[PDB]
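# Chains, contacts and geometry: an overview
One letter stands for each residue in the lines below.
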2 protein chains.
Amino acid sequence: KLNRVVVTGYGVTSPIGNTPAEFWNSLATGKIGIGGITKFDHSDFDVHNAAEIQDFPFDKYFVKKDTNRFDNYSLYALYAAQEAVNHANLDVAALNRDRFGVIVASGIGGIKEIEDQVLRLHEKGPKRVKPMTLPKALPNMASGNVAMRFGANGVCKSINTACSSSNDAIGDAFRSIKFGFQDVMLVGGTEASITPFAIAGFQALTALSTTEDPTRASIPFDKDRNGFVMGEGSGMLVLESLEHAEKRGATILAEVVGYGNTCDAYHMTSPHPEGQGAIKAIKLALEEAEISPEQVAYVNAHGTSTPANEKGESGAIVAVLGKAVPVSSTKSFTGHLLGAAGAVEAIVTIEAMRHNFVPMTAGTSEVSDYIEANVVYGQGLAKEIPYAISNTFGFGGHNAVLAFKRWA
Amino acid sequence: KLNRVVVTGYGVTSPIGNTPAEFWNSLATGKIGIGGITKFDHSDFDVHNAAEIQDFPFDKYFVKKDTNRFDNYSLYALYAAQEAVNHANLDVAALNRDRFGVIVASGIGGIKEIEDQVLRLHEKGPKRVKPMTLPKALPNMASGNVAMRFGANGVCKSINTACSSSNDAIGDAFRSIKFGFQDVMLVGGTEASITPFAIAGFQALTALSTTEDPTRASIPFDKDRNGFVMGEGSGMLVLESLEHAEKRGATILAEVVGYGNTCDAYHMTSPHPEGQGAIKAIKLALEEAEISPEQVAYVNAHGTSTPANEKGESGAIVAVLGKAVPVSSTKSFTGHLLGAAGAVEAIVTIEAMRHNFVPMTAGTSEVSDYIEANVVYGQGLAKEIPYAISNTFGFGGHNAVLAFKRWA
């Protein structure tokens, strides 16, 4: 006896908008969120751009004192989760709190707190380290903070698969509800890693675009791509068993139907050259959804804008789905949200289905000649989308694919 | 069609031993692993003791150049995983690799790398930050590293619930196999956080014992307890469906029968004073295992040695199982292994069942007058242990309980 799993609401804070409305509008009008870095002095760096949240609505739910106990990585999640709960019209006082869980993925956690307190420790000694350092920094804290805010007494955990974190978090929540372990879950991801350390770390790895022009830095599938552009933010969804949603007269936005997770077991940072693991992940998701490849009307690509990623991802998409399926990467707009990528990308995917519109890959102007997938760039594509998939293939060889079904 | 899930092998690197035999011997003879800190200059700190691994068998599987790509948190997991595979007599080359997965939990990841690279960045600039910084540091990397070593192409992820990370990891692996998504999994946790930053962080929080005498620093349940002692290490287990193990003629060491995970949703660092979430987590594990409270023959406590922890834990244990079930905390020997605590404590639990013996809580000599649980201290207790539970209750309100069955 398995339950169908539906999405009843979502919230987002990102470089292109803090409500699904501003978020989608940016996608529809082609307004990117990438610009010169303002968070720290990057003059000695090779990387000078990032997709920042420059208008976080801090005042909506938080007070100045809140920063004493929450790093931005938690703040983004709390905001996004509150927005999702409002969106879903979820009455926590009407729930069985033992069947209400939370999963907040994050790839790096409160990395600004870590860097700042490590420096304080070395400059001023251990006595100067803030008591709230670990409660603010530890990557599982956002999930616990979200549970504390809403009184969720069920499952509570964080998942870390780097770039696939929130795809795996949503997949896990989906599976928990599907198999009857929980009835409602607040799930998603959060990241706040536009810091000197994290940018320097990815720059040393040589994974980031060093392209000075912000309009040409995140160009997935483009022959000129040269690395990803880091973004920050959080996406949070409210998932409920179909029965729970219907019984309370919830408004259904979409359905989660398949989840595939595999491992390349190949290299720590290089993805498998022929997308072998990705192929398998896509197939597992379609198999669970009980749909054929031709039924996939849109692919929200992982599309980070690195040379290796798109070669293998296009390769995998083609091997499974073919050359006609429209493909786009919204990291061209948002930057790569790391642990939050999958969650914000799930929101893109659902909105695409709700708007009968494939958002374009911004910036991209000429696809590598060897790339055979149907990359959507230049302008978005109006079309019916009854099923869509959202891919994430993280450092460490973590492949995750979610299959969604448009709601009737 | 649900599957039974069995343990066919396990490996450990810890402050009390790097083989189950050495590890068990330390427990049986009362040899603790807590001593003065040597990993860093602690002269300015208020905490000077920790449970360190001072004899890690680096040369067994590694070569000097391996430190260029693996932080200790990964080395420990790789060592433990190889030892588990050997113990299980598991030929990975003969498996259906798509049905073989890995979950390596960690609460903080390669925190030594982060601290060292943060300082390098501030002293020398971004150009001197090591390329392998993030591949060494990110908490999901150990999982990917383990999968790469063994060619595990199935599920690969990391779970972070602070002190409960590896209990949740094992629980998740158990659920994947039970529900037929995977047939074999290498699962456990790893932590390598005896560093200036992590110790300063926990010290600032006031969570660590400042007790000078290392034999009285980690004394779970003791009336004079005053904080935990940090440890480090890794525990990894091979779990297989019962069918998979029987088909290859594996020697079965134990069975995983229940998993309970709840959230206090109460405070970021303090556990719920009445242990309500803990009570529900224990009950969930017993219900899944289909056993009554009287069938629980031993409880391996979270027992970190903090005033709040044992008050609430003893209360939850007594509420569900009564005052006769023997309880012991092995953090009295190993220190608190944080994200790796549940994995090594699963090994303790299995080894106890295999030897008909409840290891004692070392150091402890007088329990708080309000503690009603049958705490074992002074000397261990010989008894048959047909079923046992292992508790973890971490920062962020994460509660996780595993129920094990003796094999049988």
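Rules used throughout
Residues numbered from 1 in each chain as written, not as in the entry; some residues may be left out. Chains lettered and ligands numbered in written order. Heavy atoms only, no water. Residues with missing side-chain atoms left out of burial classes, pairs and counts. Core = buried A, V, L, I, M, F, W, Y, C linked by side-chain atoms within 4.5 Å. Buried < 20%, exposed > 50% of the residue type's maximum accessible area, 1.4 Å probe, protein only. Contact = heavy atoms within 4.5 Å. UniProt positions renumbered as here; feature names shortened; annotations may be inferred. Helix = DSSP H or I, 4+ residues; strand = E, 2+ residues; numbered from the N terminus. Pairing = 2+ DSSP bridges. Salt bridge = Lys/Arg side-chain N within 4 Å of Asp/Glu carboxyl O.

Its PDB record attributes the structure to X-ray crystallography, giving the resolution as 1.750 Å.

Turning next to the nonpolar core. Counting residues in hydrophobic clusters, the biggest one holds 136 residues, and the most contacted among them are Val-146, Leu-186 and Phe-202 of chain A together with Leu-186 and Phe-202 of chain B. The contact partners of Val-146 of chain A, leaving out residues within four places of it in the chain, are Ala-77, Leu-78, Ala-81, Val-102, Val-104, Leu-186 and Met-236 of chain A. Core analysis: the next-biggest nonpolar cluster, separate from the first, contains 47 residues, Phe-23, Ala-173, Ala-341 and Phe-357 of chain A among them.

All right, on to the UniProt feature "binding site: Mg(2+) 2" (unreviewed entry) in chain A then. Residue and element names in this part refer to chain A. In this structure's numbering, the residues bearing the UniProt feature "binding site: Mg(2+) 2" (unreviewed entry) are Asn-300, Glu-345, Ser-390 and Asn-391. Taken together, the annotated residues stretch across 92 residues yet fold into one region, lying no more than 8.7 Å apart by C-alpha. Looking at where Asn-300 falls in the secondary structure, it is placed in strand β9 (residues 299-300). Judged by its relative accessible area of 0%, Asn-300 falls in the buried class.

All names here are of chain B. Counting buried positions over the eight residues of strand β6 (residues 184-191) gives eight, a clear majority of the element. Side-chain alternation along β6 places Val-184, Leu-186, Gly-188 and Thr-190 on one buried face and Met-185, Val-187, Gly-189 and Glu-191 on a second face that is also buried. Where strand β4 (residues 100-105) lies against β6, six bridges are found, and the strand directions are parallel. Bridging from a neighbouring strand, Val-104 pairs with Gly-188 of β6. Pairing analysis gives eight bridges linking β6 to strand β7 (residues 233-241), with the strands arranged antiparallel. Residue pairing in the sheet places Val-184 in a bridge with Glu-240 of β7.

Residues and elements named next belong to chain A. As annotated by UniProt and renumbered to match this structure, "active site" (unreviewed entry) occupies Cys-163. As for its position among the elements, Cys-163 is in the loop between β5 (156-160) and α6 (165-178). Excluding anything up to four places from it in sequence, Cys-163 contacts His-302, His-336, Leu-338, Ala-341, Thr-392, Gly-394 and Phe-395.

Across all of its chains, the model carries 45 salt bridges over all chains by this definition. Among the ionic pairs, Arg-99 of chain A bridges to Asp-183 of chain A, the shortest N-O distance being 2.9 Å. You can see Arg-99 of chain A sitting in the loop between α2 (72-88) and β4 (100-105) and its partner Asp-183 of chain A sitting in the loop between α6 and β6 (184-191), a full 84 residues away along the chain. Note on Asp-183 of chain A: relative accessible area 23%, which makes it partly exposed. As a salt-bridge pair, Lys-157 of chain A and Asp-172 of chain B come within 3.2 Å of each other at their nearest N and O atoms. Highlighted residues: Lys-157 of chain A in strand β5 and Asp-172 of chain B in helix α7 (residues 165-178), drawn from two different chains. Since its relative accessible area comes to 7%, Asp-172 of chain B is described here as buried. Through salt bridges with shared partners, a single ionic network connects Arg-216, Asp-222, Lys-223, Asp-224 and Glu-366 of chain A.

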